[PDB]
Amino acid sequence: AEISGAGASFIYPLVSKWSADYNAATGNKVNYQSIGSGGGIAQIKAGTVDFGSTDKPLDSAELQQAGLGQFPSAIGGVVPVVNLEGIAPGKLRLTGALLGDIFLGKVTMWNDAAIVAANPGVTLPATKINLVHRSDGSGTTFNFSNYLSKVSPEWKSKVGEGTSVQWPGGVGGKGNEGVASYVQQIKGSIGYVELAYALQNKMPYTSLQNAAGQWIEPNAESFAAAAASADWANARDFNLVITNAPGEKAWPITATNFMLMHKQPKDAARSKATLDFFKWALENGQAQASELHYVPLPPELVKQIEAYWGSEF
């Protein structure tokens, strides 16, 4: 029995692993196309897939208009990644305001006084910062630009947030893989990817300062610390963005991937089979999530989701 899904590259490393493990355990096949959140929303609204995947949650008004249900799948994090010589992953430090100024093109050199001051003892080149951003409609760009809007008033007014924004500069890469590839190809570059892409490529991601003023390294622990303040119980359709999370251990660009399905499917058998996969992922696929440095959904959230499936589908 075969289900089809498409969307967010943010969750693709996890969906791929779950699909292989779910097949071993049940004999069922899950097919997933990594095409970005914009692509995911478009394909599910076109009815070409059984599920769409996006890291930008849709609001209740949009879900009602489209006849869709929405639920989280797993929590991850967006991380700034760099191509700098002699920098270990996590070593480079940026505040949210400084990261905003870099992506705005206000801070254009690696030896800019703010970068040097935040990184004592780090050797920085006297070269241009080469920006890399997503070219496609992206949930990773949504969570990144959403975070930047909260910590940079100039970013909020000039660029704002969304699956696509008007980037002041840089090159555009397709998908998280395309941003990773461009960062590897260009010396002195800076991009943003979901943590699993920095880890599989052995790329230097940066530390970021959280709203509590602590220097944080992106990992399942810091993502979980950010997720700990999420009020999922009071969210409608799980519409909640968890960037700039409070508290001492939170990674400031923590994000949730969401799955989208039709509340009244034309194929009841395939829709039931889709929910069969997601129930397995949330109940039996937590080790796989932790292994890839995602945060598996906690039990109360899984209960809320299963109740949502019951009432909406």
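Heads up: residue numbers just count along the shown sequence, starting at 1.
Peer 1: Compare the mean C-alpha B-factor of 161-169 with that of 137-145 as given in the PDB entry, and name the stretch with the higher value.
Peer 2: The stretch with the larger average C-alpha B-factor is 161-169.
Peer 1: Of 86-94 and 188-196, which one has the bigger average CA B-factor?
Peer 2: The recorded data point to 86-94.
Peer 1: Hey, out of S222, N239, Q214, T127, whose CA B-factor is highest in the deposited coordinates?
Peer 2: Answer for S222, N239, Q214, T127: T127, with the highest C-alpha B-factor.
Peer 1: Tell me which of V116, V132, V81, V107 tops the list for C-alpha B factor in the record.
Peer 2: Top of the list by C-alpha B-factor: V107.
Peer 1: State the tercile, meaning the lowest, middle or highest third, of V15 with respect to the CA B-factors recorded for its chain.
Peer 2: Within its chain, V15 is a middle-third residue by C-alpha B-factor, going by the deposited values.
Peer 1: Split the chain's modelled residues into thirds by Cα B-factor; is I41 in the lowest, middle or highest one?
Peer 2: Middle third - that is where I41 ends up once the chain's C-alpha B-factors are sorted.
Peer 1: Lowest, middle or highest third: where is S60 by Cα B-factor in its chain?
Peer 2: Middle third of the chain for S60's C-alpha B-factor.
Peer 1: Name the third of the chain's ranked CA B-factors that contains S73, choosing lowest, middle or highest.
Peer 2: For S73, the deposited C-alpha B-factor lands in the lowest third.
Peer 1: How does the C-alpha B factor of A273 compare with the rest of the chain: lowest, middle or highest third?
Peer 2: For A273, the deposited C-alpha B-factor lands in the middle third.
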